[PDB]
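Participant: What follows is coords18.pdb, PDB, C-alpha atoms.
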ATOM      1  CA  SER F  22     154.623  58.946  97.498
ATOM      2  CA  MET F  23     156.935  61.262  99.306
ATOM      3  CA  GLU F  24     156.699  63.704  96.361
ATOM      4  CA  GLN F  25     152.832  63.897  96.544
ATOM      5  CA  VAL F  26     153.201  64.783 100.221
ATOM      6  CA  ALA F  27     155.844  67.510  99.468
ATOM      7  CA  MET F  28     153.475  68.878  96.782
ATOM      8  CA  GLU F  29     150.602  68.848  99.278
ATOM      9  CA  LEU F  30     152.738  70.695 101.868
ATOM     10  CA  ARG F  31     153.451  73.456  99.205
ATOM     11  CA  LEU F  32     149.694  73.730  98.448
ATOM     12  CA  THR F  33     148.965  73.954 102.182
ATOM     13  CA  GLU F  34     151.508  76.652 102.578
ATOM     14  CA  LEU F  35     150.088  78.530  99.515
ATOM     15  CA  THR F  36     146.630  78.181 101.056
ATOM     16  CA  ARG F  37     148.125  79.677 104.230
ATOM     17  CA  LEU F  38     149.542  82.667 102.367
ATOM     18  CA  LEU F  39     146.328  83.156 100.282
ATOM     19  CA  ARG F  40     144.257  83.086 103.477
ATOM     20  CA  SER F  41     146.286  85.998 104.814
ATOM     21  CA  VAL F  42     145.987  87.824 101.398
ATOM     22  CA  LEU F  43     142.227  87.261 101.422
ATOM     23  CA  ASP F  44     141.917  88.738 104.914
ATOM     24  CA  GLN F  45     143.914  91.767 103.941
ATOM     25  CA  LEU F  46     141.777  92.306 100.797
ATOM     26  CA  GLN F  47     138.564  91.861 102.653
ATOM     27  CA  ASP F  48     139.665  94.544 105.201
ATOM     28  CA  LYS F  49     139.686  96.968 102.253
ATOM     29  CA  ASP F  50     135.888  96.377 102.035
ATOM     30  CA  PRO F  51     134.722  97.680 105.385
ATOM     31  CA  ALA F  52     131.194  98.255 104.111
ATOM     32  CA  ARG F  53     130.974  94.453 103.325
ATOM     33  CA  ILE F  54     129.656  95.191  99.838
ATOM     34  CA  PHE F  55     131.580  92.175  98.486
ATOM     35  CA  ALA F  56     131.203  89.786 101.367
ATOM     36  CA  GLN F  57     128.437  87.594  99.996
ATOM     37  CA  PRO F  58     126.945  86.550  96.626
ATOM     38  CA  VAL F  59     124.652  89.061  94.982
ATOM     39  CA  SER F  60     121.147  87.746  96.062
ATOM     40  CA  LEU F  61     119.129  86.323  93.110
ATOM     41  CA  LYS F  62     115.990  86.819  95.228
ATOM     42  CA  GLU F  63     116.778  90.586  95.400
ATOM     43  CA  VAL F  64     118.419  90.968  91.934
ATOM     44  CA  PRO F  65     116.483  88.333  89.923
ATOM     45  CA  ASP F  66     117.934  89.414  86.517
ATOM     46  CA  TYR F  67     121.568  89.348  87.747
ATOM     47  CA  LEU F  68     122.696  86.311  85.717
ATOM     48  CA  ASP F  69     121.403  87.892  82.550
ATOM     49  CA  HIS F  70     124.107  90.573  83.183
ATOM     50  CA  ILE F  71     126.919  88.755  84.989
ATOM     51  CA  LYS F  72     127.918  85.310  83.803
ATOM     52  CA  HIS F  73     130.451  84.455  86.476
ATOM     53  CA  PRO F  74     129.374  85.969  89.824
ATOM     54  CA  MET F  75     131.971  86.074  92.609
ATOM     55  CA  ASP F  76     132.272  87.293  96.187
ATOM     56  CA  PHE F  77     134.566  86.908  99.183
ATOM     57  CA  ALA F  78     132.565  84.097 100.883
ATOM     58  CA  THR F  79     132.642  82.022  97.678
ATOM     59  CA  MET F  80     136.460  82.598  97.427
ATOM     60  CA  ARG F  81     136.857  81.531 101.001
ATOM     61  CA  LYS F  82     135.009  78.212 100.366
ATOM     62  CA  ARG F  83     137.316  77.534  97.434
ATOM     63  CA  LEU F  84     140.364  78.541  99.474
ATOM     64  CA  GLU F  85     139.572  76.192 102.377
ATOM     65  CA  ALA F  86     139.086  73.275 100.059
ATOM     66  CA  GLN F  87     142.645  74.094  98.726
ATOM     67  CA  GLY F  88     141.043  74.922  95.419
ATOM     68  CA  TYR F  89     143.554  77.630  94.339
ATOM     69  CA  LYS F  90     146.596  75.953  92.660
ATOM     70  CA  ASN F  91     148.529  79.215  92.192
ATOM     71  CA  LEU F  92     148.160  82.974  92.883
ATOM     72  CA  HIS F  93     146.940  83.636  89.288
ATOM     73  CA  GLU F  94     143.734  81.586  89.933
ATOM     74  CA  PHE F  95     143.071  83.557  93.182
ATOM     75  CA  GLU F  96     143.639  86.872  91.439
ATOM     76  CA  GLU F  97     141.258  85.853  88.685
ATOM     77  CA  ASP F  98     138.446  85.452  91.261
ATOM     78  CA  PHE F  99     139.354  88.760  92.997
ATOM     79  CA  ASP F 100     139.246  90.550  89.655
ATOM     80  CA  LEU F 101     135.742  89.034  88.968
ATOM     81  CA  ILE F 102     134.452  90.617  92.146
ATOM     82  CA  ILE F 103     135.634  94.074  90.975
ATOM     83  CA  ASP F 104     134.896  93.743  87.314
ATOM     84  CA  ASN F 105     131.331  92.263  87.804
ATOM     85  CA  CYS F 106     130.510  95.284  90.053
ATOM     86  CA  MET F 107     131.887  97.893  87.705
ATOM     87  CA  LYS F 108     129.769  96.506  84.891
ATOM     88  CA  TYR F 109     126.445  95.987  86.712
ATOM     89  CA  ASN F 110     126.563  99.220  88.651
ATOM     90  CA  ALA F 111     126.884 102.710  87.233
ATOM     91  CA  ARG F 112     129.834 105.012  87.904
ATOM     92  CA  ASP F 113     127.886 107.243  90.274
ATOM     93  CA  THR F 114     126.922 104.496  92.738
ATOM     94  CA  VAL F 115     128.318 103.513  96.090
ATOM     95  CA  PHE F 116     128.858  99.989  94.724
ATOM     96  CA  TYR F 117     130.980 101.047  91.734
ATOM     97  CA  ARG F 118     133.009 103.411  93.894
ATOM     98  CA  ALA F 119     133.546 100.702  96.475
ATOM     99  CA  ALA F 120     134.971  98.418  93.784
ATOM    100  CA  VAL F 121     137.364 101.090  92.530
ATOM    101  CA  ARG F 122     138.676 101.625  96.067
ATOM    102  CA  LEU F 123     139.040  97.836  96.620
ATOM    103  CA  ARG F 124     140.940  97.503  93.352
ATOM    104  CA  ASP F 125     143.296 100.371  94.162
ATOM    105  CA  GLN F 126     143.948  99.270  97.738
ATOM    106  CA  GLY F 127     144.185  95.556  96.918
ATOM    107  CA  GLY F 128     146.882  96.241  94.280
ATOM    108  CA  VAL F 129     149.465  96.919  96.985
ATOM    109  CA  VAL F 130     148.666  93.640  98.795
ATOM    110  CA  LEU F 131     148.714  91.605  95.595
ATOM    111  CA  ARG F 132     152.013  93.125  94.462
ATOM    112  CA  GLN F 133     153.789  91.838  97.585
ATOM    113  CA  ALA F 134     151.945  88.511  97.516
ATOM    114  CA  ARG F 135     153.360  87.849  94.055
ATOM    115  CA  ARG F 136     156.890  88.559  95.349
ATOM    116  CA  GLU F 137     156.253  86.189  98.358
ATOM    117  CA  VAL F 138     154.925  83.382  96.192
ATOM    118  CA  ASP F 139     157.926  83.631  93.771
ATOM    119  CA  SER F 140     160.411  84.128  96.657
ATOM    120  CA  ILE F 141     159.245  81.157  98.868
ATOM    121  CA  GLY F 142     158.613  79.149  95.620
TER     122      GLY F 142
END
Can you turn what I pasted into structure tokens?

Facilitator:
Amino acid sequence: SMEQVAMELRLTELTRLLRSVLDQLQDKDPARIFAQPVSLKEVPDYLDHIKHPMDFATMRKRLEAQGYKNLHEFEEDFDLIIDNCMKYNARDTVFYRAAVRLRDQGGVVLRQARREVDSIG
């Protein structure tokens, strides 16, 4: 149908905007602490602590398969990255502090993304 196509164009354009958002968020992680899944070879107990692991590479895979239907779903995954870290790692660690800084800096980016998604529809 013509409508399914229109719908698919909207999803493609959302994917386009979310790809830009993801790049901007990932620039706020210059140490690459959040770039890849926590290694279960190196942290074998991790899943006993964290039930829904997340990381930027995993978000990117989902993004490129057009697997985010709306900004809320994307934000959910970004918040997992931060929240998983702040639970597993103590306050006085480079990991926890990195997540606080990513949260604070990403807020600005996400605030305008929400306006852009509402604005462009």

Participant: Please produce, as a tab-separated table, a per-residue contact table for segment 60-82 of chain F versus segment 90-112 of chain F (criterion: any atom at most 10 Å away, all atoms listed in the file considered), showing the nearest atom pair and its distance in Å to one decimal, sorted by chain then residue number.

Facilitator:
residue	atom	partner	partner_atom	distance
F:67	CA	F:109	CA	8.3
F:70	CA	F:109	CA	6.9
F:71	CA	F:105	CA	6.3
F:72	CA	F:105	CA	8.7
F:73	CA	F:101	CA	7.4
F:74	CA	F:105	CA	6.9
F:75	CA	F:102	CA	5.2
F:76	CA	F:102	CA	5.7
F:77	CA	F:102	CA	8.0
F:79	CA	F:98	CA	9.3
F:80	CA	F:98	CA	7.1

Participant: Given 3 Å of margin on each side, can you work out the centre and size in Å (one decimal) of an axis-aligned box holding every listed atom of segment 113-123 of chain F, as lines of an AutoDock Vina configuration file?

Facilitator:
center_x = 133.0
center_y = 102.5
center_z = 93.4
size_x = 18.1
size_y = 15.4
size_z = 12.3

Participant: Would you compute the distance between atom CA of residue 127 of chain F and atom CA of residue 49 of chain F? Give it in Å to one decimal.

Facilitator: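 These two atoms are separated by 7.1 Å.
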
Participant: Please expand the PyMOL selection byres ((chain F and resi 31-47) around 9) into the concrete residues it hits in this file, giving the result as a PyMOL selection string.

Facilitator: chain F and resi 26-30+48-51+53+55-56+77+80-81+84-85+87-92+95+99+123+126-127+130-131+134+137-138+142

Participant: Atom CA of residue 69 of chain F and atom CA of residue 116 of chain F are how many Å apart?

Facilitator: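 That distance, rounded to one decimal, is 18.7 Å.
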
Participant: Can you work out the spacing between atom CA of residue 140 of chain F and atom CA of residue 83 of chain F in Å, to one decimal?

Facilitator: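 These two atoms are separated by 24.0 Å.
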
Participant: Between F:125, F:64, F:136, F:120, which residue has the minimum interatomic distance to residue 52 of chain F, considering only C-alpha atoms?

Facilitator: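 Of F:125, F:64, F:136, F:120, the one nearest residue 52 of chain F, counting only C-alpha atoms, is F:120.
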
Participant: Would you please work out which residue, of F:59, F:54, F:68, F:78, is nearest to residue 119 of chain F when using only C-alpha atoms?

Facilitator: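 Closest to residue 119 of chain F of all the choices is F:54.
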